[PDB]
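Student: Residue numbers (the working numbering), protein chains in the order written: chain A, 257 to 293; chain B, 176 to 1289; chain C, -8 to 35; chain D, 72 to 114; chain E, 9 to 85; chain F, -7 to 81; chain G, 515 to 659.
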Amino acid sequence: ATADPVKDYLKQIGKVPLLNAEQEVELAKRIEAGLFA
Amino acid sequence: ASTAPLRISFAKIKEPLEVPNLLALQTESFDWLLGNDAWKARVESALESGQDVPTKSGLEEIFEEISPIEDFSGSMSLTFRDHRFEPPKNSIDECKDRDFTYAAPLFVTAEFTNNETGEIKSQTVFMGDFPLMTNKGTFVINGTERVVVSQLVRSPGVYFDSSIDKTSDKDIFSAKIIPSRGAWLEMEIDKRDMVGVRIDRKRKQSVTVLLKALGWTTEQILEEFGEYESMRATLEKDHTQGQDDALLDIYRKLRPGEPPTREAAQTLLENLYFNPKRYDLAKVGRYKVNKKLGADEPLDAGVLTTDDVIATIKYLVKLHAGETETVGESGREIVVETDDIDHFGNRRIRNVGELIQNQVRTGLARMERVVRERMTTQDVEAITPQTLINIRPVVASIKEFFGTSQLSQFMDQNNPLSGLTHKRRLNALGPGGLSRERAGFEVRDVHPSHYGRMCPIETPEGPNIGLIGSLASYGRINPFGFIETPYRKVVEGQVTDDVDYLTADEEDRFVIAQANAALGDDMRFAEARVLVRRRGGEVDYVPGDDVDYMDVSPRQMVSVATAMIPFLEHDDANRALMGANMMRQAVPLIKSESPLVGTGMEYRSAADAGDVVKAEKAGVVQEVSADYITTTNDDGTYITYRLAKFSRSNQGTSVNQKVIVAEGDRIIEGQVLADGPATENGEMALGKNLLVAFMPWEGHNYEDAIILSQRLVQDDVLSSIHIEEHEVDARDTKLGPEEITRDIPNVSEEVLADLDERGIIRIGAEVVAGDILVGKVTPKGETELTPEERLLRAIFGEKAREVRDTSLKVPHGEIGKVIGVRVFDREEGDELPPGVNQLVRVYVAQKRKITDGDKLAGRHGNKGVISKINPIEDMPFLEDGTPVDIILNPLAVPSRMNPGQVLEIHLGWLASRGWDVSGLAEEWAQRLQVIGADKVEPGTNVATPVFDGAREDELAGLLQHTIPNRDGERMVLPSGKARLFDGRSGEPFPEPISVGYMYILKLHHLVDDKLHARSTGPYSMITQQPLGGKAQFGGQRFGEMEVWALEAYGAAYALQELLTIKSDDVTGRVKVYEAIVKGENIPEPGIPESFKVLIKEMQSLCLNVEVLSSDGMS
Amino acid sequence: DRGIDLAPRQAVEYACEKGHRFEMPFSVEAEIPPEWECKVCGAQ
Amino acid sequence: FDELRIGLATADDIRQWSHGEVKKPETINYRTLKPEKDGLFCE
Amino acid sequence: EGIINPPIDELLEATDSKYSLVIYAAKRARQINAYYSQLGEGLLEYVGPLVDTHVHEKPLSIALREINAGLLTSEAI
Amino acid sequence: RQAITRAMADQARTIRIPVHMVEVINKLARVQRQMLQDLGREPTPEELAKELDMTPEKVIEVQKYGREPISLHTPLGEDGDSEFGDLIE
Amino acid sequence: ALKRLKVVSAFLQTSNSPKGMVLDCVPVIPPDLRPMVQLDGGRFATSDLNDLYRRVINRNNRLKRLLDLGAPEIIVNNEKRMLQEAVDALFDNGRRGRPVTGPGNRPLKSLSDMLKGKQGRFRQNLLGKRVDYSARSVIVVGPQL
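Structure, rendered in structure tokens:
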């Protein structure tokens, strides 16, 4: 909402959960679930 | 001894100290940067003499500052140990000829150390082509000569200000800590009876939060800071407490929007101020901080600690208390007072060495950034010092500084005074300095601390008045960088032969005498009462033995350009400024004669110029020629001094060098062998001596104009060589490559009569306006032939290759002789820019004689265009038939307030016909006898120093005793005037008219280039107005006040046609030209194209701009 | 532009899917293409 | 020329002034130096 | 032999204004110059030089001399 | 990396350069930089052509193509009203 | 309420709709007024308007591409934000925040940046213009005139 939207974008990224191996392979399995469905 | 020509001196007082090297400000600085043999000789000489001197060269310091850097694991590192230089691959003339940069390769020894493997890779790596300063004191880049001017800048340190607010009705104090590069913090006390801190002026806060965020908590703050009511009021009104709480408070205040973190805030505060990398305070900053705050032996180099900020708190609250004398925190007793930003101890000059060091440091920082990016994406055991480092940012930064930067300026080569002034100027503009828009009255004012450090007279008189000043004649430079000045030490009233150079700081705690103070037979003061200056520039005197430092010369205040003027002490300061500002614009003439009257330092102002050829080693002359001087030295070596003849300077004037030594005469070291431009006999000579007659003459010298004889045209007195350079090149474009050739299409054979076989004009071919110099033919233009042109071509027959005549032609209003041609070819080994194939340079030289409209000037700021070149017989001649060579309006000197030039013409007359004073038993006669100006042959040059000159009594007495010329009867009466006849009428003028010999200069504001006219020429592209410029056949701008004046006359039609018909109406200009040529009346005007551009611009900002007439839309 | 006779021009009407109708000229000797853009919305 | 108007230009006015869509960002060809089709500088 | 040869105050007292005088003389000079550009077309509404004419001068000189002589008048439309 | 360098090839320059021309020209730039850091001197275009196995005229053509335009509105100096845009005919 | 009524009542009496404060289309300067002229040596010089229009067109094309497929809301919102900021920079480079510099030395001059000041059309090319049939040289005094 202020100047330098690069800072705003970086905060808009936020505290997303970083994925350890089983988490992203489970997420990829859910991607396949949704896509084949 | 015999180095200088004979010049009779009117100096009454002696000079114990001679003027130092005029080029020290450039050459010494660049030798410091290079660390060459001269610099190490200087540092060892100063070490054995005990003088303060930097022991670190400008490049070894910048390389040791780049510490061995580590990765995030702290494993591998690189280190630049030693730097060395190689001899340059090109000579100076070779660089000056083929558009090269005078540079030498720079080599450094670099090692690559990894602790885990224990591996060291020592290697030598090419860092870039390093430009070198010549001995002349200039940089030769891209074939041109550019010099770098020294830059005035605020000294880093602690600054302390006092102000009063009308609304507050109380005194407010301000504290600043400005570093060399880091962030700046601002402080102020009792804005509303509370004290605060600004961190880059971001958010509101207090001082106590900064203190608690630092290493001290509450109890020591309330203990040590125990005698100031306002600050403890601030402490008690502050609600927060605790170190971590204050740290999170400053973290959220500086950058809101993120949760507080202790490690992040601590690292941010360490990096903002306490980081050795991002707050590299220079040696000057640390020195000034420990001087002002009294910090005893703080780290000589390094970043500030908390103790510096605490001492700033001490000083600010002590100043707000009102007392001025207290002991410094962690130190001795100091003084407490506010200081202004205009004091010259707060101003430091960035010379050429420090500027180039800063640019190389920026390039090295970019290189470290690139390599730090490189190591993180590179594997170990495969990194070579030749590989990981990249020298591209370093050379990019160096070439960005030397080209297109406001400090690296195009060298003015009008005459040697212009060169010396350019190399001696100090600039306040440029990056890291004060801009012209940001300037104010306070900075421009002459400070009382400028005496001996900067010239108060000479400065540009334009919009940037006083922003750019010239260094004083005796001014030296600190190792730190402040401007020093010499003084003669005084002990118990017996002045000694010892000199100490004082900054703008020691000049306050001492009291300074004058060099004009009288002395007895010994070195004691002749009079107890002496006129002195003290701290703050107050001129109050003190009697008896109370002084402790005397000046070395009365010429200490003035620059080198200002000190040339004789009888400066009789001139006004404004006209002195104008006179010193036009002597850098005078051209050199065909053969120049040294001024008959002038300051005796004129020899030193051209001997120290590098253009005058001086002996490298003492010896005897073997052969002389107009092209070379060959001297066989005493040791037996042979050296030939090549002399530039009729070369072109940067301003177009010739730089030819005459020979003054004989065939077999003795030469000592430093003796002038060949004169430079505007020099006679090694003495400096800008203009001519002309016989002046101060009288109005039929109104042709009305309003500061000049009348002069044809005797200055037919005797070739005031004329100069003007070499003009303009070139064209041949390039391979999309259609094809244009060629230089002979077969110019559709032109008579007589036009191409003076061409060579390859399409080059002959050397020595007289050229005029519109003539052909080199014949270049455009390979192809778009062919859309009309049937009329087709049948005309069928009638006459046209050449089968379709080419367009875009060959190089002489511009309008230019005449000259082709004196030299230079041809460059891509097919040869010569380097060329990409795309081009042939490049030709043609020099044309004309001997411009004096004429109407030329601008002449004296030395005292008198100036004027030339209105009439009279015949010789029309001039008012003297009693013996000698016509005057120049006629001046005497109305100028009372209003302009420069009666020093009348003294100058009287002394010029005395120096023409010598005087014989011997045994006259008078005071001035005795003074001239003891000085030596008693037996003077006719014609010998006289010398009046700038503040020791000949007095009025001496001029009157010498006017009484001039040597006779004919009939045993001197011509000028003791009143200073002579009975002047008339040329046109013949009857004598009624009363005697002042005559004399004033040095008259010829300015470079010439008339042969100022003339410019337009009928229909080139037009601008974005808007259809005619473009501007002399070389581009432009039109004079008809500004806003012009339109106001035409509205005021009520002349609607003239204004309307000047705005529509004669510009920016594409359907109007061509029709009007057709109507004029055909003879019919001028058509009605249309609508200017710029208004249509306005409509199209507004219509694109979503503004529905529509023009509707009475009936409807358009 | 004096005495020059212009080429004969014919009017061909182009209609898009959105119903926009515009008139633009073609040369008589020039071939008439069935594919063109829309002056209003750029549709086929 | 009797009166010179101004106002907000709605999208209908912009489309009325316009003669096409500048769909592509490039300006001129890099070898033949000819203006591009349906881009900037479009002929 | 110059611009000042027609006395200006005579013109002012002959026409009682200054800007009307200049547009008046300019229109007359344009008509004269268009008469010289007729190329023998013999147009009736274009009047030649009333006062005696030199071989080469500007038509504005003829206009000022004619109106200084006072043999020509006008009316406002 | 592929999409970023494709977008940089497609949109960064004002005059559009195709991606294969961009990769050719910046490969030539990087090997020219390698030559400069190797022998410490500016190489002749013939050497760079023969060490890359293209014709020298092709090298001249591609380094003529690989140029960045200068904006029309560059100030000339101390004067502010005089711009670079009014100097061209 | 006084300022609000002095602004709102403009839209009541006048017939122009207030839709135009937020826009869907951006008109372009004709190519001569934002030229790209050939120079000597093969160099090219272009106005900054062409660069700003190129930025707007690139971002509009990228936004169209994101709307073509299924994209996350953060990415689409950021694309629309950079599109809006590029259009703002085209209409006023330097009005808000750090101006779009470009080469790294000076900010690009927008449409308004040449409708304003000593370098604008109103003060440098409309009230005062260059003229043909003009000349200049130094002056001398002549008593014989």
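The C-beta atom is built at its ideal place from N, Cα and C for all residues, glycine as well.
With three or more beta-carbon pairs closer than 8 Å as the criterion, would you say the stretch 981 to 988 of chain B touches the stretch 943 to 957 of chain B?
Tutor: Result yes; three or more Cβ-Cβ pairs closer than 8 Å.
Student: Can you tell me where the alpha helix (DSSP H) with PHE247/B in it begins and where it stops?
Tutor: Looking at the DSSP string, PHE247/B is not in any alpha helix (DSSP H), and its letter there is neither H nor E.
Student: Expressed to the nearest angstrom, what Euclidean distance is found between the alpha-carbon atoms of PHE282/B and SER250/B?
Tutor: Answer to the nearest angstrom: the Cα atoms are 26 Å apart.
Student: Do the stretch 645 to 658 of chain B and the stretch 594 to 608 of chain B make contact, defined as three or more Cβ pairs closer than 8 Å?
Tutor: The stretch 645 to 658 of chain B vs the stretch 594 to 608 of chain B: in contact.
Student: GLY939/B and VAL993/B look like a contact to me (Cβ under 8 Å); what is the Cβ gap, rounded to whole Å?
Tutor: Contact flag correct, Cβ pair sits at about 6 Å.
Student: When the cut-off is 8 Å and only beta carbons count, does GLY534/G lie next to chain D?
Tutor: Taking Cβ atoms only, chain D reaches closer than 8 Å to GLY534/G, which makes this a yes.
Student: Here's the rule I'm using: 16 or more other beta-carbon atoms within 10 Å means buried, otherwise exposed. How should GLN1/C be labelled?
Tutor: Its Cβ having fewer than 16 others within 10 Å, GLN1/C is exposed.
Student: For the stretch 258 to 283 of chain A, enumerate the residues whose C-beta is nearer than 7 Å to any C-beta of chain G, in chain order.
Tutor: From the stretch 258 to 283 of chain A, only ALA259, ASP260, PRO261, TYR265, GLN268 have a Cβ closer than 7 Å to chain G.
Student: At least one CB of chain E closer than 8 Å to the CB of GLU1144/B: is that the case?
Tutor: False, the Cβ-Cβ gap to chain E never drops below 8 Å.
Student: At the level of alpha carbons, what is the spacing between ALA278/B and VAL787/B?
Tutor: Those two C-alpha atoms are separated by around 24 Å.
Student: The alpha helix (DSSP H) that contains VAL1077/B, what's its start and end?
Tutor: Here the alpha helix (DSSP H) through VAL1077/B covers 1075 to 1087.
Student: Taking Cβ-Cβ distances shorter than 9 Å, what residues in chain D pair up with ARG8/F?
Tutor: Per Cβ cutoff of 9 Å: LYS95, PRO96, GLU97, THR98, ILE99, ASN100, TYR101, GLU107, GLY110.
Student: What is the residue span of the beta strand (DSSP E) that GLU49/E lies within?
Tutor: Neither: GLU49/E is in no beta strand (DSSP E) and is coded neither H nor E.
Student: Assign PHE287/B to one of two classes, buried (16 or more other C-beta atoms within 10 Å of its C-beta) or exposed (fewer than that).
Tutor: By the neighbour-count rule (16 or more Cβ atoms within 10 Å), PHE287/B is buried.
Student: Please state whether DSSP places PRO560/B in a helix, a strand or coil.
Tutor: Three-state DSSP puts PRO560/B in a helix.
Student: So, does the CB of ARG568/G fall closer than 8 Å to a CB anywhere in chain F?
Tutor: Chain F, which has a Cβ nearer than 8 Å to the Cβ of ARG568/G, makes this yes.
Student: So for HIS597/B, helix, strand or coil by DSSP?
Tutor: Residue state, collapsed to three classes: helix.
Student: Can you tell me whether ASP24/E is buried or exposed, with buried defined as 16 or more other CB within 10 angstroms of its CB?
Tutor: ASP24/E should be labelled exposed.
Student: Would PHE585/B be called buried (16 or more neighbouring beta carbons within 10 Å of its own) or exposed?
Tutor: With fewer than 16 other Cβ atoms within 10 Å, it is exposed.
Student: Between the stretch 42 to 75 of chain E and chain B, which residues of the former have CB atoms less than 7 Å from a CB of the latter, in chain order?
Tutor: Cβ contacts with chain B come from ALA42, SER45.
Student: Report all residues from its chain with a CB closer than 6 Å to the CB of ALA22/E; omit the five preceding and five following residues, and keep chain order.
Tutor: Counting only Cβ-Cβ distances below 6 Å, and skipping sequence neighbours, we find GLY78.
Student: Please tell me whether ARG650/G has its Cβ less than 8 Å away from any Cβ of chain A.
Tutor: It does not; no Cβ of chain A falls within 8 Å.
Student: Please check the pair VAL772/B and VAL1170/B, which I expect to be a contact at CB under 8 Å, by giving their CB distance rounded to whole angstroms.
Tutor: So it is not a contact: roughly 14 Å between Cβ atoms.
Student: Using a Cβ distance threshold of 8 Å, determine whether the stretch 1230 to 1250 of chain B contacts the stretch 1191 to 1208 of chain B, with at least three qualifying pairs required.
Tutor: As far as the Cβ criterion goes, the stretch 1230 to 1250 of chain B touches the stretch 1191 to 1208 of chain B, which means the pair count is three or higher.
Student: For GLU633/B, count neighbouring C-beta atoms within 10 Å of its own C-beta (all shown protein chains included) and say buried if the count is 16 or more, exposed if not.
Tutor: Label assigned to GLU633/B: buried.
Student: So with CB distances below 8 Å, who are the chain B contacts of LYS632/G?
Tutor: Under the 8 Å cutoff, chain B gives no residues; its nearest Cβ is about 11 Å from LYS632/G.
Student: Identify the continuous beta strand (DSSP E) that holds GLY233/B and give its terminal residues.
Tutor: Segment 233 to 240 is the alpha helix (DSSP H) holding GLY233/B; no beta strand (DSSP E) there.
Student: From the DSSP output, in three-state form, read off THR1026/B for me.
Tutor: DSSP places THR1026/B in coil when its eight states are reduced to three.
Student: Looking only at its chain, what residues have a beta carbon closer than 7 Å to the beta carbon of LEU222/B, apart from the 5 residues adjacent to it on each side?
Tutor: For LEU222/B, where only same-chain residues beyond five positions count, the Cβ hits under 7 Å are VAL228.
Student: Quick check on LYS56/F - is its C-beta less than 8 Å from some C-beta in chain G?
Tutor: Judged by the 8 Å Cβ criterion, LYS56/F is in contact with chain G.
Student: Are the C-beta of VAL31/C and some C-beta of chain D separated by less than 8 Å?
Tutor: With 8 Å as the cut-off, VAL31/C counts as an interface residue toward chain D.
Student: Under 8 Å Cβ to Cβ from residue 1319/B, same chain only, skipping five residues before and after it: list those, please.
Tutor: For residue 1319/B there is no data in the structure shown, the boundaries of chain B being 176 and 1289.
Student: Taking CB distances under 8 Å as the criterion, tell me whether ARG76/D reaches chain G.
Tutor: No, no contact with chain G.
Student: With a cut-off of 8 Å, does the C-beta of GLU38/F fall near any C-beta of chain B?
Tutor: No, its Cβ sits nowhere closer than 8 Å to a Cβ of chain B.
Student: Strictly below 7 Å CB to CB, what residues from chain B border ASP84/D?
Tutor: Result: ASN1279.
Student: Should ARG1189/B be flagged as near chain G, meaning a C-beta pair shorter than 8 Å?
Tutor: Output row for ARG1189/B: interface = yes.
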